[PDB]
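Form deposited in one PDB entry, single chain, as structure tokens, below.
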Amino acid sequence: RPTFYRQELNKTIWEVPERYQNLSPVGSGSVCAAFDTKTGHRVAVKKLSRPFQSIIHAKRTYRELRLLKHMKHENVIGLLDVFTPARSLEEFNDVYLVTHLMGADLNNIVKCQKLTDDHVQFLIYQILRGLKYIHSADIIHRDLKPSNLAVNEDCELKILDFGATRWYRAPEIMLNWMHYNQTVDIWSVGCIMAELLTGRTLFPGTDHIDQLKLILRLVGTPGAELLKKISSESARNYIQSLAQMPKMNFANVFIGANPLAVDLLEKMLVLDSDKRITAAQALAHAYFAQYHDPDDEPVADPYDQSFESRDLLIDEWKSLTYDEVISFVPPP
């Protein structure tokens, strides 16, 4: 069991093994960049804030540990290490997670290099590939946007969650529809891709209602087939009252873009989540012919998330979390 050492960073106490050097704040859990003096590579180390404060917190701690221990894909954050100072369960009250440091996020790439059609094809391919793997474990990202995308200098990408966000949110998450299918994340990819093509935020809503108005101006007011599914008496009368926007002709909107990009955008940015292309379908889209390889778009091992429907005690969440810390095997 390594020797730990205590350090102070922007008001936070950090106890990590010696192995991890040159800590410097990256944001606020909180996250430091560090040098792994054991393998020679830069890492990001996340310290979980108040992991066991609530039942909701204690569960979310367990969730994060479980999810990350299961993600083993090129385009999704992976776990290099997980550790705690605590030599036993009684002492246990802090959690740290370790991943590969990617040096920049996608907003950074976007505000200071105008991207080629070839770049957009590569970056969105990678999001979809990571997303196929995510979706096959039955997991929904729900908060996909450029700041949750890590990119290196070869423009290689991983999907992650640092925890407006609204600009990339599916209109149904902002109406609290509640079931949500995995294409919520495909609506996000549409917003990300549009902005990679344009250099501009597709939907810069000022707030929650402006967001929705902006979306409705692009895609139009809901079609009969969609109105049809609004089981809620509620919505329907309100929507029919609105300025009855027709769906904008996307070719006209994303003018000079590759026509396969446009066509892929029309298949992601559909109001009706039942009609949006899946991550799998999208990888087979002709827009990605240069990068597509059906033998190299792997799906995840079965993910046991029976724990999600469980209501347990803080002490149980914590002890479960501890066993997950103990059982961690690092990758090669």
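Throughout, rigid core stands for the largest set of C-alpha atoms superposing within 1.5 Å between the two forms. One rule holds for the numbers: they count along the sequence shown, beginning at 1.
Although not depicted, the form deposited with a small molecule bound is the subject of the following passage.
- With a 4.5 Å cutoff on heavy atoms, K132 does not count as touching the small molecule in the entry with it bound; it lies far away.
- Using a 4.5 angstroms limit between non-hydrogen atoms, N93 is distant from the small molecule in the entry with it bound.
- At least one heavy atom of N152 is located within 4.5 Å of the small molecule in the entry with it bound.
- Shown alone here, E156 lies within 4.5 Å of the small molecule in the entry with it bound, counting heavy atoms only.
- With the rigid core aligned between the shown form and the other one, only one of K247, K72, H119, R236 has a CA shift of 2 Å or more: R236.
- The Cα position of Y20 differs by 2 Å or more between the shown form and the other one after fitting on the rigid core.
- Once the rigid core is overlaid between the shown form and the other one, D154 does not reach a Cα shift of 2 Å, moving by less than that.
- With the core held fixed, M268 shows a CA shift below 2 Å between the shown form and the other one.
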